[PDB]
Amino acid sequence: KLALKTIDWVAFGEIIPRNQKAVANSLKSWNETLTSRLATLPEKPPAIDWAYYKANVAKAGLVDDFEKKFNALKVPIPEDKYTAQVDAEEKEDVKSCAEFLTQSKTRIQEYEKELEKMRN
């Protein structure tokens, strides 16, 4: 079972600069593609009627050999060598997060200070 950070798409639409809409588009479709994909690609494949094959063979314990070999062959799960995003994120927080937010707050302060005066 997978974890999958939930996602509201209209927000995602609203955070991409225009010069980057391209990327964002491809990112969306891949997701959709990928999703469709998993809907159709089953967790595991059909089993294998070993008895039947054992029932119709000719080379001796080929089937026995194979059933054994099949089971307790552990297929590797692919390394996630791909989360450099975590990094590209933390980076854009240096950027977006703090820097902008800090300045926005300060501007909201002065505005407020400016409404202060005007009350008197």
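Residue numbers run from 1 along the displayed sequence.
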Do the C-alpha atoms of 12-20 or of 104-112 have the higher average B factor in the entry?
12-20
Stretch with the greater mean C-alpha B-factor as recorded in the entry, comparing 52-60 against 78-86:
52-60
Where the record places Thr33 (Cα B-factor, split into thirds across the chain)
lowest
Third of chain Cα B-factors occupied by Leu73:
highest
